[PDB]
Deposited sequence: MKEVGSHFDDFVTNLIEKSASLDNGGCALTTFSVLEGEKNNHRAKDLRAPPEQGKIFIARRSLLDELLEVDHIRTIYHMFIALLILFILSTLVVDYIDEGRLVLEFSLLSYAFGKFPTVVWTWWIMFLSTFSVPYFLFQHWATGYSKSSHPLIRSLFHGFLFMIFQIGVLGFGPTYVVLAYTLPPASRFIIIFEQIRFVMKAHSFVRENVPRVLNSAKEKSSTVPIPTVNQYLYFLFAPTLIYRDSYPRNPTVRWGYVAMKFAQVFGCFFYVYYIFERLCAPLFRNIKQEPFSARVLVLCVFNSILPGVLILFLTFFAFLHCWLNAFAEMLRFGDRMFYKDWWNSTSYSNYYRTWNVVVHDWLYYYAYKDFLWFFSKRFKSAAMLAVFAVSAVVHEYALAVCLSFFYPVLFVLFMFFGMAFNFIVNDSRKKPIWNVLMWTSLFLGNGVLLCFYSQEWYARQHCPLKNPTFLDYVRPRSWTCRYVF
């Protein structure tokens, strides 16, 4: 993939004053959120505003988290790099490389499935991190395993081709790359001129605001709907009204966390690292088809999945139909998302998996844009509703 230096689409679309007043509408809704919250706290407690309880809960064992992420960063920075450095020369010199290459590949596969497959899982399941603090490092586990597989899969064909012709990376560029936003070792060879401290300052400020806005969304919209509403009727009417009323919190979480994470989080970590030289999403809100919607949401994970998984999984399978391969990579993406949600939530019941399959096989056989939006609203509503329902159901009993 070619990395052309165009910015994020929202960063150039947000200067139009209608979208600018959409943004101001959101932050004025945030002002009303904090005002209602402070007023309710001041009328309930009488005084002592600004408690920040649930962020002290969900970010509890933060020293453990930073130590785990530090040893994880050191592991993913040293062990794959040193393993590949040790493998390259021996592959060049040894008499039989067909066995040694398989042996070091087995070493790397027992690392990325042993170290990055148990360590971030064992720390979580043993030291029992709170859900957000376990989610952050299982997301770091996913990011690290994907990035290490990308590193090795871009370096092994390079060494093999240069040895059939008869190119090891440097420590500095890998050290920088595992901090870069992208997920392909092609890397940030196109870079930016200067770190604009005010620009990254306002981007991190927007990250701050969007995170606290998610906090208040869970405080005012997902606390009344989902905290111990258990005068159990087991009614399908109550369930359909939950999946209806939890569309606004669901779709606000969707909009604002897409914005927050992609746009401002990794644009801050783009212009702080001088690699804002790629787009991270096209307009997914404008998709004539659902297959057209797949290619243009979270295009980093899509780039990784499509390129590596799809290309290798069809070139090695040699299937007659590529639609089967597309469904296979969508199934592996569904199981990856389900595993992430299962380890950060500690839950079965993958409504994401069966809902994904249903909305995929139901669209297979501008009115379709309206159907995409109603499917997206109903699916986001049912996803947030059922996952929050399970989470507050085990927290109930």
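- So which bits of the deposited sequence did not make it into the model? Model skips 1-54, 221-224, 424-431, 464-485 of the deposited chain.
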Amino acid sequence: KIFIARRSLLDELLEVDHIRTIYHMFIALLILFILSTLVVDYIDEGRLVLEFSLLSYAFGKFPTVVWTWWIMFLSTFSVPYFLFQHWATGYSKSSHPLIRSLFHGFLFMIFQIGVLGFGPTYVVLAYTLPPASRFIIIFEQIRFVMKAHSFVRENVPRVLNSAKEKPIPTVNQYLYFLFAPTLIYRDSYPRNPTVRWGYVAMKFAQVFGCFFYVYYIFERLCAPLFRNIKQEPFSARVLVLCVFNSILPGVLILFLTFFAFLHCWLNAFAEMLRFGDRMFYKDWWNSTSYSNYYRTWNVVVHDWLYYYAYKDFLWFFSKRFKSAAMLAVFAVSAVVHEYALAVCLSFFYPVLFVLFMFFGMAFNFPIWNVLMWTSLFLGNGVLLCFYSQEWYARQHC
From here on, numbers count along this sequence of modelled residues.
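In at least one third of the other PDB entries compared, is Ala163 left unmodelled?
Across the other compared entries, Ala163 is absent from at least a third.
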